[PDB]
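[1] pasting the sequence and an experimental structure:
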Amino acid sequence: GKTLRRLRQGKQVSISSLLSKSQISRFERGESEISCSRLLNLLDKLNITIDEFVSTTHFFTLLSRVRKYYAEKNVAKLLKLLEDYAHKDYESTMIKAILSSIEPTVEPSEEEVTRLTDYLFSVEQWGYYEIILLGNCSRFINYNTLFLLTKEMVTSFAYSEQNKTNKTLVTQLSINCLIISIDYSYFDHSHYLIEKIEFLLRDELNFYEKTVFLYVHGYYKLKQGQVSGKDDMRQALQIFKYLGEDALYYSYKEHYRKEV
Amino acid sequence: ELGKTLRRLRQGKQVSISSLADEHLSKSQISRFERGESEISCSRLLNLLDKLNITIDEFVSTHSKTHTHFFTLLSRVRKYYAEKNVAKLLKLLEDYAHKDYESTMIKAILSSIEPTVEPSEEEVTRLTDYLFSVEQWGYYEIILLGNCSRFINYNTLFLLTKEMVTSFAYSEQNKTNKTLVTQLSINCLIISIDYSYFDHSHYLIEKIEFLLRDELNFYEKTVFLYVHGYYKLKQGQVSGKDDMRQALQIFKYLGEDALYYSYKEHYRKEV
């Protein structure tokens, strides 16, 4: 409620220029239930979008904690985090999956993953929660299930035009699924994903996605007997190198050595 | 009638009304809300959405494809400009005369297709003074600065860029404003290099590198690779020339023809 106050005063806006005066003071002073309808109305007058209001929640709290401890690469703190969330099924499964990256003994069980994938498969419309769960747990989902879920995600996710985060994420996960489809020679799956990815990249900058897609689509061309695909992959590696993206550069260069 | 949407999202995740009920909202109060028979506080709605692991910004994106008055204004101008349709842009400016900052922006954009209409420096002064008054730069302020930059003198533009860079808000789940600030910072860096304000250039280079730290944003990184290379060259670093050529190759490899041609024409001109 008082988040409204600071944002209002932050733009040097008065109550009198924004209902009545005393009415708006209430809520800012906590003397009334405001409906979200009237809240969006006030934020719109202040020229603040709701996407922006949220930026300035259980799942976000967890992510912030994971991010902090994972940046420190501190296994002990992450195991403590795992304990604190052990009673939350999907969340703890995700923590184990993430923790596995820097502690190979930690892994979600087959049954934990199965409970997660059954949930994702049951959702009618994917949001940030489902997208992030799939992304962080992908290493422990077999490919056939991963493609199934990726297909559901792409064909039934929502995103804001004012905030295309979900769209960007779905694009990245679609490309990730694509490079595996090509690894396992599911070229019918690959064909499907290429058309979805091309569509998602339309009228967007997204140079990171285009760069990885240049590599993966080139990888696809090569296995389809098109030699020029090799050029595309080499070009993608140069982009990583030129931008000083060492992790991406050395990571994809290694995939190149293996598969090419 | 946000209730209909809450219901569809709830049923969509196979969640029961009972599991959402608690100390703050009963089952009856939730179902009455979903049916549009009653209304609940925003605090209580956010509580329900938190249980569904949906944030209110996601919730508003569904339910309705409508947008804020400002974002809708931008949408019209955006493709009116693409149409080169001077008719409606002149008409759009009419309904916003009572909106000082909005009209000033429309004039600034309208200028870049028919220069007879430009914001008066009196209008620009009111805008810049407003931007200087704000304590936290949001989408509104960032976009206003962006679309009016051509009519702001460099020195004020540099001070406004400093203010923006050091007082904008962004979350880890929404990098939108941060990406925009990075772009406008680069655009100010371009002017700093051309006017040889190398003290200002050095400042902006440090900020941009920090803004790009631990982020994707390969577009901003590609442009900055070129612009920073242009800065390095003007001060006697031949490596800056290679950086610019590298940036050109990126545009080319990614099939970004327009950006490739445009920057290539700048590379041929200023060498």
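    Thanks, I have it. Numbers count the residues shown, from 1 in each chain, chains lettered A, B, ... in the order given.
[2] return the residues of the stretch 101-250 of chain A in contact with chain B.
    Residues of the stretch 101-250 of chain A found near chain B (C-beta under 8 Å from any C-beta of the partner chain) are A:122-125, A:127-129, A:158-166, A:205-208, A:210-211, A:214, A:235-236, A:238-239, A:242-243. No exception for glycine: its C-beta is placed from N, CA and C like everyone else's.
[3] buried ones only from those residues, please, as a PyMOL command.
    Those of these that count as buried under 16 or more other C-beta atoms under 10 Å in any protein chain shown are selected in PyMOL with:
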select buried, chain A and resi 123+125+127+128+129+158+159+160+162+163+164+165+166+205+206+207+208+210+211+214+235+236+239+242+243
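[4] out of the residues of the stretch 101-250 of chain A next to chain B, which sit inside helices?
    Among these, DSSP state H puts A:122, A:128-129, A:165-166, A:207-208, A:210-211, A:214, A:235-236, A:238-239, A:242 in helices.
[5] wait, which of these is closest to residue A:251?
    Nearest to residue A:251 among these is residue A:236, at 11.5 Å by C-beta to C-beta.
[6] how about the contacts made by the closest residue to the closest one other than its chain neighbours?
    Nearest non-adjacent residue to residue A:236, counting by C-beta to C-beta, 6 or more residues apart in numbering or on different chains: residue A:215, 3.6 Å away. Applying C-beta atoms under 8 Å, 6 or more residues apart in numbering or on different chains, we find residue A:215 in contact with A:232-233, A:236-237, A:252.
[7] try it again at 6 Å.
    Contacts for residue A:215 (C-beta atoms under 6 Å, 6 or more residues apart in numbering or on different chains) come out as A:233, A:236, A:252.
[8] surely the second one and residue A:214 touch.
    In this case it means residue A:236. Yes - if you go by C-beta atoms under 6 Å, residue A:236 and residue A:214 touch, sitting 4.4 Å apart.
[9] and residue A:83, how far from residue A:74?
    Distance of residue A:83 to residue A:74, given as C-beta to C-beta, to the nearest Å: 14 Å.
[10] the two: which is more packed in?
    Taking neighbours as other C-beta atoms under 10 Å in any protein chain shown, residue A:83 and residue A:74 compare with residue A:74 leading, 14 against 11.
[11] neighbours of residue A:64, how many?
    By other C-beta under 10 Å, neighbour count at residue A:64 equals 14.
[12] that one falls within a strand, correct?
    No - assignment of residue A:64 by DSSP: H, G, I helix; E, B strand; the rest coil gives helix, placing it outside any strand.
[13] any chance of CSV for the contacts of residue A:215, columns distance to residue A:189?
    Putting the contacts of residue A:215 into CSV (distance: C-beta to C-beta, whole Å) gives the following:
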residue, distance to residue A:189
A:233, 20
A:236, 21
A:252, 21
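[14] for chain B, state which of the residues you listed is nearest.
    residue A:236 (7.3 Å; C-beta to the nearest C-beta).
[15] ok, the closest one - contacts?
    Each residue near residue A:236 by C-beta under 6 Å, 6+ apart is listed here: A:211, A:214-215.
[16] go with 8 Å
    A:211-212, A:214-215, A:218, A:252, B:253.
[17] got it, and residue A:53?
    With C-beta under 8 Å, 6+ apart, residue A:53 has these contacts: A:3, A:7, A:43, B:56-57.
[18] list the buried residues in the helix or strand hosting it.
    Secondary-structure assignment from DSSP states H and E places residue A:53 in helix A:50-55. Residues of helix A:50-55 classed as buried: A:50-55 (neighbour count, 16+ other C-beta under 10 Å).
[19] mind splitting chain A into its structural domains?
    Annotated domains of chain A cover A:1-56, A:57-260 [curated CATH domains].
[20] for stretch A:118-137, list the C-alpha coordinates in PDB.
    What follows is stretch A:118-137, C-alpha atoms only, in PDB (Å, rounded to 0.1, in the frame of the first residue of the first chain):
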ATOM      1  CA  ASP A 118       3.300 -34.600 -14.200                       C
ATOM      2  CA  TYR A 119       2.500 -31.200 -12.800                       C
ATOM      3  CA  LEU A 120       4.000 -29.300 -15.800                       C
ATOM      4  CA  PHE A 121       2.100 -31.500 -18.200                       C
ATOM      5  CA  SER A 122      -1.200 -30.800 -16.300                       C
ATOM      6  CA  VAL A 123      -0.900 -26.900 -16.500                       C
ATOM      7  CA  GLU A 124      -3.200 -25.400 -19.200                       C
ATOM      8  CA  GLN A 125      -1.200 -22.100 -19.500                       C
ATOM      9  CA  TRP A 126       2.500 -21.900 -18.700                       C
ATOM     10  CA  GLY A 127       3.800 -18.900 -16.700                       C
ATOM     11  CA  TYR A 128       7.100 -17.800 -15.200                       C
ATOM     12  CA  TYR A 129       6.800 -20.500 -12.500                       C
ATOM     13  CA  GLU A 130       6.500 -23.500 -14.900                       C
ATOM     14  CA  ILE A 131       9.100 -22.100 -17.300                       C
ATOM     15  CA  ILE A 132      11.700 -21.600 -14.600                       C
ATOM     16  CA  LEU A 133      11.000 -25.100 -13.100                       C
ATOM     17  CA  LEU A 134      11.500 -26.800 -16.500                       C
ATOM     18  CA  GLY A 135      14.600 -24.800 -17.300                       C
ATOM     19  CA  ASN A 136      16.400 -25.500 -14.000                       C
ATOM     20  CA  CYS A 137      15.400 -29.200 -14.000                       C
END
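[21] list the contacts of that stretch.
    Contacts for stretch A:118-137 (C-beta under 8 Å, 6+ apart): A:59, A:63, A:90, A:93-94, A:97-98, A:108, A:113, A:116, A:141, A:148-150, A:152-153, A:156-158, A:165-166, A:169-170, A:172-173, B:8-9, B:11-14, B:53-55, B:58, B:62, B:173.
[22] in the contacts of residue A:236, find the pair that's most separated.
    Largest pairwise distance in those, by C-beta to C-beta, is 13.8 Å, between A:252 and B:253.
[23] contacting residues for the most centrally placed residue in chain A?
    Nearest residue to the geometric centre of chain A (C-alpha atoms, centre = their mean): residue A:169, 4.0 Å. By C-beta under 8 Å, 6+ apart, the contact set of residue A:169 is A:128, A:131-132, A:135.
[24] and residue A:48, by the same measure?
    A:7, B:138-140.
[25] from what I can see, it looks like it's in a helix, true?
    No - under the criterion used here (three-state DSSP), residue A:48 is coil, not part of a helix.
[26] torsion angles phi and psi at it?
    With angles defined as degrees, to the nearest 10, residue A:48 sits at phi -120, psi 130.
[27] check residue A:123 too.
    The phi/psi pair for residue A:123 (degrees, to the nearest 10) reads phi -70, psi 140.
[28] need the phi and psi values for residue A:71.
    Torsion angles, degrees, to the nearest 10, at residue A:71: phi -70, psi -40.
[29] what's the burial count for it?
    9.
[30] okay, it and chain B: tell me how far apart.
    Distance from residue A:71 to chain B, counting by C-beta to the nearest C-beta, to the nearest Å: 9 Å.
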